[PDB]
There are 2 protein chains.
Amino acid sequence: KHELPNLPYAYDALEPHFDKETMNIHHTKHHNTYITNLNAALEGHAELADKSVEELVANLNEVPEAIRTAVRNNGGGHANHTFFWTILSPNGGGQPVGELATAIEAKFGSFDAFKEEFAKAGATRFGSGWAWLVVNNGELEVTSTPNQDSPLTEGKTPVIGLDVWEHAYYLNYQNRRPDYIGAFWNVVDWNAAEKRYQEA
Amino acid sequence: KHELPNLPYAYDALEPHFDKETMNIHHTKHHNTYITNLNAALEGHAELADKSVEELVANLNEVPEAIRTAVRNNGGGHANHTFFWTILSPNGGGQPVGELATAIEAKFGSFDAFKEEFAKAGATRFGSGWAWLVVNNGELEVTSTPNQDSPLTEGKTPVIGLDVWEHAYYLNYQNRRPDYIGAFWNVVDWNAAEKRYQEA
Ligand SMILES: [Mn+2]
Ligand SMILES: [Mn+2]
């Protein structure tokens, strides 16, 4: 009973920053496959299967050992991509807004300095993974995670994030990960980010 | 000190199985960058910069802690890719040959059974990595390693291997990793593999 969410915008709405071919394959093949595999691993655990994917992944510890890796990886994939689609927008880009903006200035010095730290976290994540701005204390932290591991599992709440698996950027940027991260700034939705900051 | 090896064949020599655009970017951008990063890391360590990259990665524990992660990832990348180019050929494909062929039949039952097990290791390596046929103390085994980790580090000797980082396959295959693994059977060089088996 885990379903693929529709995108909040057209498949070409993030162009030229994120290409429509990637949006299609990333959403309808990669994300869908995580869902397929999650639902299979949850066959026989109908009790577990009625949690939200976010709660499921936050309390990975309580998943039966037999299916834990499958939940970590595929539950991770579902939680992470679900989040991702909703922090992007064709009306995104620009400066941070709201109390999140003020908090970024305080924690990082400035928005430019934050962007730098986030881009370094993204560039430095060796292999597959994600770069994040999270709330831990009630404090902002830049982090990165391997594969489909989620900050939620560490008790940290995602405010924004960027998929740095090669499938996310290879068609448009090839090995140019930094150019991809640069493009993300033009589509990240700071209104949505504010909500996530406030809602945590 | 460490230098990018030329390919043993033209950039389009593995078509249609491995595309020439990928061969270009994979060799001259990805592999080159591991070498740049490795050389930067070994600045100030004469001890090490006399070692082969295979010696460095076999004895990773003897690398000073301050540069060990860099040598693991970039040393691993250089050793792994150097090896990879040498086990591919436009005169590749077909059935195993030599003493290796006999050993594969004995260990796995048949070549087809071996391919199935290798294909499964490759498909199931979650995130970035490599699938391998190695010799472990005189015995054939199929394994997989994350990121640029090498079997050498665990005292196992690679006979064949396949790069399952998405950069190795995304341009021609997108999410269809199993189809890429299929295509590898047509360019793997079993004469070259026989020689590695003999020397291991
Ligand atoms: Mn992804
Ligand atoms: Mn590679």
In Å³ per residue, the alpha-carbon convex hull of chain B encloses 110
Given backbone amide H placed at 1.01 Å from N, residues whose amide H is under 5 Å from that of B:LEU88, ignoring those fewer than 5 places away on the same chain, are B:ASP189
The rounded separation in angstrom of the Cα centers of the range A:60-114 and the range B:46-95 is 35
Candidates A:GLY44, A:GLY161, A:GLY122; GNM for chain A (alpha-carbon contacts under 10 Å) flags as most fluctuating A:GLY44
Looking only at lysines whose Cα falls under 23 Å of B:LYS107's and that sit 8 or more positions away or on another chain, we get B:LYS115, B:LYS120, B:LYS156, B:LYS195
Among A:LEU152, A:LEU48, A:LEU56, the residue with the largest mean-square fluctuation in a Gaussian network model of chain A built from Cα contacts under 10 Å is A:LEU48
Helix B:98-108 sits off the longest principal axis of the Cα atoms of chain B, rounded to the nearest 10 on a 0 to 90 degree scale, by 80
Rounded to the nearest 10 degrees, the helix B:32-42 long axis (Cα) sits at an angle to the longest Cα principal axis of chain B of 40
Computed ³J(HN,Hα) along the range A:53-59: with the Karplus parameters 6.51/-1.76/1.60, θ = phi - 60°, integer Hz and x for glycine or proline, the list is 5, 4, 4, 4, 7, 5, 10
Distances in nm between the label point of A:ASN39 (7 Å along Cα→Cβ) and its equivalents in the other copies, shortest first, are 5.2
Expressed as a whole number, the average count of other chain Cβ atoms within 10 Å around the Cβ atoms of B:160-168 is 2
When all Cα-Cα pair distances of the protein assembly as shown are considered, the percent exceeding 28 Å is 52
To the nearest 20 debye, the range B:66-150 has a Cα-centred charge dipole, built from +1 on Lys and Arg Cβ and -1 on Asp and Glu Cβ, of 400
Once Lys and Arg are counted +1 and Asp and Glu -1 for all other residues with Cβ under 14 Å from that of A:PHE84, the total becomes -2
Neighbours of A:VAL188 by Cβ distance under 14 Å: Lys/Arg at +1, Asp/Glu at -1, summed charge 0
Sorting A:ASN186, A:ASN91, A:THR124 by the position of each Cα along the dipole of the range A:90-200 (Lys, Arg +1; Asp, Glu -1; all at Cβ), the one nearest the positive end of that ordering is A:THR124
Largest fluctuation, B:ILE160, B:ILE104, B:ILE67 only, Gaussian network model of chain B with Cα springs under 10 angstrom, belongs to B:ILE67
Computed over the Cα atoms of the range B:115-200, the Rg and Dmax in Å are 12.7, 38
Residue by residue through the range B:12-28, the couplings from Karplus 6.51 cos²θ - 1.76 cosθ + 1.60 with θ = phi - 60°, in Hz, x for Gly and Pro, are 9, 6, 9, 5, x, 6, 10, 6, 5, 5, 5, 3, 3, 5, 4, 7, 8
If labels are modelled 7 Å from Cα along the Cβ direction, B:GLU65 lies from its partners in the other copies at nm distances, smallest first, of 3.1
Along the range A:110-126, Karplus-curve 3J(HN,Hα) (6.51, -1.76, 1.60; θ = phi - 60°) to the nearest Hz, with x for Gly and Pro, reads 7, 5, 4, 5, 4, 4, 4, 5, 4, 5, 5, 4, x, 5, 7, 6, 7
The size of the Cβ-based charge dipole (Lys, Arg +1; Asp, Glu -1) of the range B:154-200 about the Cα centre, to the nearest 20 debye, is 60
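A short reminder: the numbers here are calculations on the coordinates, not readings from a lab. With ideal geometry, Cβ positions are generated from the backbone for all residues, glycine too; neighbour counts draw on all protein chains shown.
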